[PDB]
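**Student:** Below you will find the structure I want to go over with you.
Protein chains: 4
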Amino acid sequence: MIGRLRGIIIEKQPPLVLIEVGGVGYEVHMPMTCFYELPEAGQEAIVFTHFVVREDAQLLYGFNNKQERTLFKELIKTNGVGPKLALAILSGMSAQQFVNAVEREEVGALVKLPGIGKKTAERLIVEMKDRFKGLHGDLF
Amino acid sequence: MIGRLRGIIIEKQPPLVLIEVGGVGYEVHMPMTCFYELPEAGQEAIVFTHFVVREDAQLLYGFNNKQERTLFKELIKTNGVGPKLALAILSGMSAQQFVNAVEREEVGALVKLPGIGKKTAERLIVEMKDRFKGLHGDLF
Amino acid sequence: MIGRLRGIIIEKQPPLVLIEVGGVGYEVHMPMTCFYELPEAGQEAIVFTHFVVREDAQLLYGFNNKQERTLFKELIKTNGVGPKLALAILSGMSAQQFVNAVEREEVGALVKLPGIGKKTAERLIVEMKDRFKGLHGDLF
Amino acid sequence: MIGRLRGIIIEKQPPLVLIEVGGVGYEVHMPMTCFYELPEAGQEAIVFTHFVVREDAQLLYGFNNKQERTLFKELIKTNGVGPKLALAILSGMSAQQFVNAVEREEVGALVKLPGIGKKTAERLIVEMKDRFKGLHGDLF
């Protein structure tokens, strides 16, 4: 239900960002690449979030733009790819790279990244191409 | 536990509304009809919410008045009718229309709506009327 | 983790109270007797809360003072007595009445209240007397 | 998801601290030692929190610095050591003491503490040292 956070950056420790909204310091997990776009500590930042709820955990995944949040959400809809794996994918390549690689069935791109899986990569490419046709965005 | 939200409409993408309360952007799901009654982005809005908690998710369902929220709450108590589907009963037709239908028993009206159920249309009328005599409201 | 709420009273509909903190309207469930102590709608109120979390629900129980919250918490530690039953007990008699009745093994007091239970009353009286010796408060 | 709280200390009843952030009084559980380092009621405090979520409960564990929070997090990963018990390891003895004990392997020190375990004392030392070489901090 939390889709956006606007507050002050308190500390950056990739992959974590502590962002204070009110006096509540929230822990947000972001793709490594997103840390090059973040305002310096002490300044205000707007991050798009995805709230993942489980019986034993309440986590927040944060993106600089909505395009990347969409990608992440679709990514974790596939079996074998959870939040942690989706983060590495988006840390390992831009949003545009991933789309370009998926569109031409480039499995080689994905097997380089951390603990992906040869068969999972192929699986990922089929599903994502099917999933991409029903949406919109700046990244396309 | 969250009964109401008052904040700034950040964005409106039916069926989602992004309302910022403090610096927390809350995602609210409303019936489509409710969407056209809301102010414009930048302005303050007051929505009556229904919080649904499950193992995998925390969701907010938003309404322009308490009469719609009550109807919503009762709709989802019947079997085969979840939030997704109850949204359509108030998305596809106003609140006022629906209550007449149950009291008069017009099954034809409710069958046109999105994937409801011809027997569930019957089910709704039967089931809804019992609950309708135990409440109060402007909708009546 | 939420132990207190300080905000504006928006509406009172026993057993519910909507109290707005920030722009977040929180639903609080209080014993009927507590409604005679609540500031009028539009004014600030401080309520002591008990957060009950279950897989499908997130609820807030609110008291005017900490003594009553303690009582409620101990009450629901007994089998057969859940939040709903503990509310009726505290709606049916003051905090002092309940302690006075428990101390002299007065089961008659408790069987009058709504859906208690003859055997549950006796059970309640034994446990509460044992439980009362390890605490403190204005009500004693 | 909540990494830090900044607000007004409302009350201090070891082991609970009531800190008001906005109008929300949050209950924070801290090790007893941490309790004597906190400011007085009425003043602002900054605490590093660890949020534990379970089916029946939402809890906040609070610390005066990140070194104690890290130690806490690692303590509760070992079997037979829950939050209740880890509080005592930092309540009964400082953070600094404990890390020496694991590196030197002094089992006598940790057996005095509240109901730990003579074999669990051994367990702690054995188990803790593996984890201690994979981190960083002022406590070291």
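Residue numbers (the authors' numbering), protein chains in the order written: chain A, 1 to 140; chain B, 1 to 140; chain A', 1 to 140; chain B', 1 to 140. A prime marks a further copy of an entry chain.
We put the beta carbon where it would ideally sit given N, CA and C, even for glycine.
Taking the straight line between their C-alpha atoms, what separation do you get for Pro114/A' and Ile46/A'?
**Tutor:** Those two C-alpha atoms are separated by around 29 Å.
**Student:** Ends of the alpha helix (DSSP H) at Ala57/B?
**Tutor:** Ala57/B -> not in any alpha helix (DSSP H); beta strand (DSSP E) instead, spanning 57-63.
**Student:** So, for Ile10/B': in the same chain, excluding its five sequence neighbours on each side, which residues have a beta-carbon less than 7 Å away from its beta-carbon?
**Tutor:** Hits under 7 Å: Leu18, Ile19, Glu20, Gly25, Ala41.
**Student:** In or out: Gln96/B' buried (at least 16 other Cβ within 10 Å) or exposed?
**Tutor:** Exposed.
**Student:** What number of angstroms, rounded off, separates the C-alpha of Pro39/A' from the C-alpha of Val52/A'?
**Tutor:** Straight-line Cα distance between these residues: approximately 25 Å.
**Student:** If you reduce the DSSP assignment to three classes, tell me which class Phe98/B' lands in.
**Tutor:** Residue state, collapsed to three classes: helix.
**Student:** Reducing DSSP to helix, strand and coil, say where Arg6/B' ends up.
**Tutor:** Correct three-state label for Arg6/B': strand.
**Student:** Evaluate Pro31/A' with the Cβ neighbour count: other Cβ atoms within 10 Å of its Cβ, from every protein chain shown; 16 or more gives buried, anything less gives exposed.
**Tutor:** Buried, by the Cβ-count rule.
**Student:** Pair every Cβ in the stretch 80-91 of chain A with every Cβ in the stretch 77-97 of chain B', then say whether three or more of these pairs are closer than 8 Å.
**Tutor:** No, because fewer than three Cβ pairs between the stretch 80-91 of chain A and the stretch 77-97 of chain B' fall closer than 8 Å, the two stretches do not touch.
**Student:** Please check the pair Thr70/B and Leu135/B, which I expect to be a contact at CB under 8 Å, by giving their CB distance rounded to whole angstroms.
**Tutor:** Contact flag correct, Cβ pair sits at about 7 Å.
**Student:** Under 7 Å Cβ-Cβ, which residues of chain A neighbour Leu18/B?
**Tutor:** Those within 7 Å of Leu18/B in chain A are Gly3, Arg4.
**Student:** Would you say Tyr36/A' reaches chain B, if we count a Cβ-Cβ gap shorter than 9 Å as a contact?
**Tutor:** No, because no Cβ of chain B sits closer than 9 Å to the Cβ of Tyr36/A'.
**Student:** Taking CB distances under 9 Å as the criterion, tell me whether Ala57/A reaches chain B'.
**Tutor:** Judged by the 9 Å Cβ criterion, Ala57/A is in contact with chain B'.
**Student:** Leaving out five residues on either side along the sequence, give the residues of the same chain with a beta carbon under 7 Å from the beta carbon of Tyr61/A.
**Tutor:** Around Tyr61/A: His29, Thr49, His50, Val52, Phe72, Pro83.
**Student:** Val53/A' touches chain B' at which residues, Cβ-Cβ below 7 Å?
**Tutor:** Neighbours of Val53/A' on chain B', chain order: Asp56, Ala57, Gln58.
**Student:** My assumption, with CB atoms under 8 Å, is that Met1/B sits in contact with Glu27/A'. Please give the rounded CB distance.
**Tutor:** Right, the Cβ-Cβ distance comes to about 6 Å (below 8 Å), so this counts as a contact.
**Student:** Less than 9 Å between CB atoms is the rule here; does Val21/B satisfy it with respect to chain A'?
**Tutor:** By this cut-off, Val21/B is an interface position.
**Student:** What alpha helix (DSSP H) runs, 4 residues minimum, are completely inside the stretch 105-138 of chain A'?
**Tutor:** Listed in chain order, the complete alpha helix (DSSP H) runs (minimum 4 residues) inside the stretch 105-138 of chain A' are 107-112, 118-132.
**Student:** Mind checking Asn79/A: buried by the 16 CB within 10 Å criterion, or exposed?
**Tutor:** With fewer than 16 Cβ atoms within 10 Å of its Cβ, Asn79/A is classed as exposed.
**Student:** Distance cutoff 9 Å, beta carbons only. Does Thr78/A' sit that close to anything in chain B'?
**Tutor:** For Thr78/A', the answer is no, since every Cβ of chain B' falls outside 9 Å of its Cβ.
**Student:** Whole angstroms is fine: what's the gap from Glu105/B''s alpha carbon to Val126/B''s?
**Tutor:** Going from the Cα of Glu105/B' to the Cα of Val126/B' covers about 8 Å.
**Student:** Listing by chain order, which chain B' residues have their CB less than 9 Å from the CB of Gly137/A'?
**Tutor:** Chain B' residues near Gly137/A': none, gap ~12 Å exceeds 9 Å.
**Student:** Closest Cβ-Cβ distance between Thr49/A and chain B: below 9 Å?
**Tutor:** With 9 Å as the cut-off, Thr49/A counts as an interface residue toward chain B.
**Student:** Tell me the residue span of the beta strand (DSSP E) that contains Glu37/B.
**Tutor:** Segment 32-37 is the alpha helix (DSSP H) holding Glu37/B; no beta strand (DSSP E) there.
**Student:** Please compile the residues from chain B' whose C-beta is within a distance smaller than 9 Å of the C-beta of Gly82/A.
**Tutor:** Going along chain B', no residue has its Cβ under 9 Å from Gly82/A, so there is no contact; the nearest lies around 17 Å.
**Student:** Can you give me the start and stop residues for the beta strand (DSSP E) that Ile19/A' sits inside?
**Tutor:** That run of the beta strand (DSSP E) goes 16-21.
**Student:** Starting from the Cα of residue 167/A', find the closest Cα among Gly23/A', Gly7/A', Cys34/A' and give me that residue.
**Tutor:** This structure does not reach residue 167/A', given that chain A' is present from 1 up to 140, and the question cannot be answered.
**Student:** By a C-beta neighbour count over all protein chains shown, 10 Å radius and 16 as the cutoff for buried, is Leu75/B buried or exposed?
**Tutor:** It is buried - the Cβ of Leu75/B has at least 16 other Cβ atoms within 10 Å.
**Student:** Tell me, which residues are paired with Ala45/B by DSSP?
**Tutor:** In DSSP, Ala45/B forms a bridge with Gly7/B.
**Student:** Measuring straight from C-alpha to C-alpha, what distance separates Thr120/A' and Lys133/B?
**Tutor:** Distance between the alpha carbons of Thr120/A' and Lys133/B: 33 Å.
**Student:** Looking at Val99/B': is its Cβ nearer than 9 Å to the Cβ of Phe140/B'?
**Tutor:** Yes, they are a contact pair.
**Student:** Quick check on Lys73/B: does DSSP put it in helix, strand or coil?
**Tutor:** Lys73/B falls in the helix class under three-state DSSP.
**Student:** Could you tell me whether the Cβ atoms of residue 188/A and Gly137/A are closer together than 9 Å?
**Tutor:** Only positions 1 to 140 of chain A appear in this structure, which leaves residue 188/A out of reach.
**Student:** How would you write the range of the beta strand (DSSP E) that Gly92/A sits in, first residue to last?
**Tutor:** Unbroken run through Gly92/A is the alpha helix (DSSP H), 83-92; no beta strand (DSSP E).
**Student:** Using a Cβ cut-off of 8 Å, pull out every chain B' residue sitting near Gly7/A', in sequence order please.
**Tutor:** Within chain B', the residues near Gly7/A' are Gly23.
**Student:** Does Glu105/B have its Cβ less than 9 Å from a Cβ in chain A?
**Tutor:** Chain A contact via Cβ: absent.
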